[PDB]
Amino acid sequence: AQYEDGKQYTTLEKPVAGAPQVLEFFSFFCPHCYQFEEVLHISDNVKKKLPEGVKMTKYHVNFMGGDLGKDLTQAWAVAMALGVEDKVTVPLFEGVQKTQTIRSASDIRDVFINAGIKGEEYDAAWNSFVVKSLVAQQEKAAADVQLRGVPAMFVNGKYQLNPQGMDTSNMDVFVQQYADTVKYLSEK
């Protein structure tokens with residue numbers, strides 16, 4: 001075949017029922033995730049090739065960066081609740097990995113303030129049970145697939161993308177192969 005289990009993807013031995021169609025996992029501490037967001041724009045290029053009626057979910061994980069890692073998962077919950085993902089993703093990545101100006105929850109908060117979310121609104125979100133259950137969702141979804149590594153993408157809770165088995169000589173070719181694989185798995 002041209003798409004083979006074990007080459008552009010692997011199959012989950014234990015499929016996850018009721019899982020989001022396209023489920024992607026990242027960490028702001030994760031160097032390939034930085035690449036995936038700012039250099040490759042994976043999420044975006046996958047979207048562009050996905051059918052219609054298909055939903056994309058992106059979750060943060062706890063297992064990198066200890067205490068700050070967990071703060072970042074809660075902050076991403078806040079981002080999802082307020083719908084400001086597209087205004088904080090880049091400054092969070094750059095604050096963690098480029099400038100290294102994010103060292104505490106207060107520093108994470110500054111990123112949001114600077115992005116124009118109001119202080120009051122962020123703190124209220126931060127402390128809300130809606131954000132608590134959204135943190136729970138992030139953890140549960142990660143637990144559902146025994147996640148030990150990011151970046152990761154899962155399609156319909158049964159197939160996991162395998163970027164190691166794609167050519168990396170050309171970054172644009174890598175992205176299209178990645179996106180075309182998601183589409184193929186989608187239609188499976």
# chains A, B, ... in the order shown; residues from 1 in each chain; ligands from 1
>>> select_by_dssp(residues="region 19-173 of chain A", states="alpha helix (DSSP H)", output="PyMOL selection string")
chain A and resi 31-34+42-47+66-82+85-93+105-114+119-127+129-143+171-173
>>> closest_atom_pairs(of="region 20-128 of chain A", to="region 161-164 of chain A", cutoff="12 Å", atoms="only C-alpha atoms", output="Markdown table")
| residue | atom | partner | partner_atom | distance |
| --- | --- | --- | --- | --- |
| A:22 | CA | A:161 | CA | 10.6 |
| A:23 | CA | A:161 | CA | 10.5 |
| A:24 | CA | A:161 | CA | 9.7 |
| A:25 | CA | A:161 | CA | 11.3 |
| A:32 | CA | A:163 | CA | 10.8 |
| A:36 | CA | A:163 | CA | 11.1 |
| A:42 | CA | A:163 | CA | 11.3 |
| A:46 | CA | A:161 | CA | 11.9 |
>>> closest_atom_pairs(of="region 2-79 of chain A", to="region 118-126 of chain A", cutoff="8 Å", atoms="only C-alpha atoms", output="tab-separated table")
residue	atom	partner	partner_atom	distance
A:74	CA	A:126	CA	7.2
A:75	CA	A:126	CA	7.0
A:78	CA	A:125	CA	5.8
>>> select_by_dssp(residues="region 49-109 of chain A", states="strand (DSSP E)", output="list in words")
residues 56, 57, 58, 59 and 60 of chain A
>>> residues_around(residues="residue 171 (chain A)", least_positions_apart="4", cutoff="12 Å", atoms="only C-alpha atoms", output="list in words")
residues 35, 36, 39, 40, 41, 42, 163, 166, 167, 175, 176, 177 and 178 of chain A
>>> residues_around(residues="residue 94 (chain A)", least_positions_apart="6", cutoff="9 Å", atoms="only C-alpha atoms", output="VMD selection string")
chain A and resid 28 34 100 to 102
>>> write_last_selection(atoms="N, CA and C atoms", output="PDB file, in the first residue's frame")
ATOM      1  N   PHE A  28       4.182  23.526  25.943  1.00  0.00           N
ATOM      2  CA  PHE A  28       4.917  24.731  25.583  1.00  0.00           C
ATOM      3  C   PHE A  28       6.407  24.512  25.876  1.00  0.00           C
ATOM      4  N   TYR A  34       7.180  23.516  19.291  1.00  0.00           N
ATOM      5  CA  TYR A  34       7.470  24.898  18.898  1.00  0.00           C
ATOM      6  C   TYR A  34       7.575  24.988  17.369  1.00  0.00           C
ATOM      7  N   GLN A 100      12.716  33.043  27.382  1.00  0.00           N
ATOM      8  CA  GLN A 100      12.771  32.482  28.729  1.00  0.00           C
ATOM      9  C   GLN A 100      12.358  33.501  29.784  1.00  0.00           C
ATOM     10  N   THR A 101      11.229  34.149  29.532  1.00  0.00           N
ATOM     11  CA  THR A 101      10.707  35.163  30.429  1.00  0.00           C
ATOM     12  C   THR A 101       9.522  34.617  31.194  1.00  0.00           C
ATOM     13  N   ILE A 102       9.159  33.357  30.935  1.00  0.00           N
ATOM     14  CA  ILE A 102       8.094  32.713  31.695  1.00  0.00           C
ATOM     15  C   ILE A 102       8.634  31.735  32.726  1.00  0.00           C
TER      16      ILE A 102
END
>>> closest_residue(among="A:69, A:11, A:77, A:160", to="residue 129 (chain A)", atoms="only C-alpha atoms")
A:77
>>> closest_residue(among="A:135, A:33, A:142, A:64", to="residue 89 (chain A)", atoms="only C-alpha atoms")
A:33
>>> closest_residue(among="A:186, A:127, A:104, A:43", to="residue 159 (chain A)", atoms="only C-alpha atoms")
A:186
>>> residues_around(residues="residue 20 (chain A)", least_positions_apart="6", cutoff="7 Å", atoms="only C-alpha atoms", output="PyMOL selection string")
chain A and resi 57+156-157
>>> write_last_selection(atoms="C-alpha atoms", output="PDB file, in the first residue's frame")
ATOM      1  CA  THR A  57      -9.023  19.603  19.353  1.00  0.00           C
ATOM      2  CA  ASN A 156     -10.803   9.104  15.770  1.00  0.00           C
ATOM      3  CA  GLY A 157      -9.175   7.615  18.857  1.00  0.00           C
TER       4      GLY A 157
END
>>> closest_residue(among="A:154, A:93, A:29, A:59", to="residue 136 (chain A)", atoms="only C-alpha atoms")
A:59
>>> atom_distance(atom1="CA of residue 173 (chain A)", atom2="CA of residue 96 (chain A)")
28.1 Å
>>> closest_residue(among="A:147, A:115, A:16, A:1", to="residue 86 (chain A)", atoms="only C-alpha atoms")
A:115
>>> atom_distance(atom1="CA of residue 90 (chain A)", atom2="CA of residue 112 (chain A)")
11.2 Å
>>> atom_distance(atom1="CA of residue 37 (chain A)", atom2="CA of residue 151 (chain A)")
10.1 Å
>>> residues_around(residues="residue 188 (chain A)", least_positions_apart="5", cutoff="12 Å", atoms="only C-alpha atoms", output="mmCIF file with C-alpha atoms, in the first residue's frame")
data_model
loop_
_atom_site.group_PDB
_atom_site.id
_atom_site.type_symbol
_atom_site.label_atom_id
_atom_site.label_comp_id
_atom_site.auth_asym_id
_atom_site.auth_seq_id
_atom_site.Cartn_x
_atom_site.Cartn_y
_atom_site.Cartn_z
ATOM 1 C CA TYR A 3 -0.048 4.243 3.621
ATOM 2 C CA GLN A 21 -12.053 13.305 15.530
ATOM 3 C CA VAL A 155 -7.419 10.414 14.592
ATOM 4 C CA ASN A 156 -10.803 9.104 15.770
ATOM 5 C CA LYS A 158 -7.693 4.803 16.779
ATOM 6 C CA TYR A 159 -4.756 6.068 14.720
ATOM 7 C CA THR A 181 -2.018 11.336 6.121
ATOM 8 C CA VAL A 182 -4.484 12.893 8.572
ATOM 9 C CA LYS A 183 -6.986 13.175 5.705
#
>>> closest_residue(among="A:132, A:148, A:98, A:140", to="residue 38 (chain A)", atoms="only C-alpha atoms")
A:98
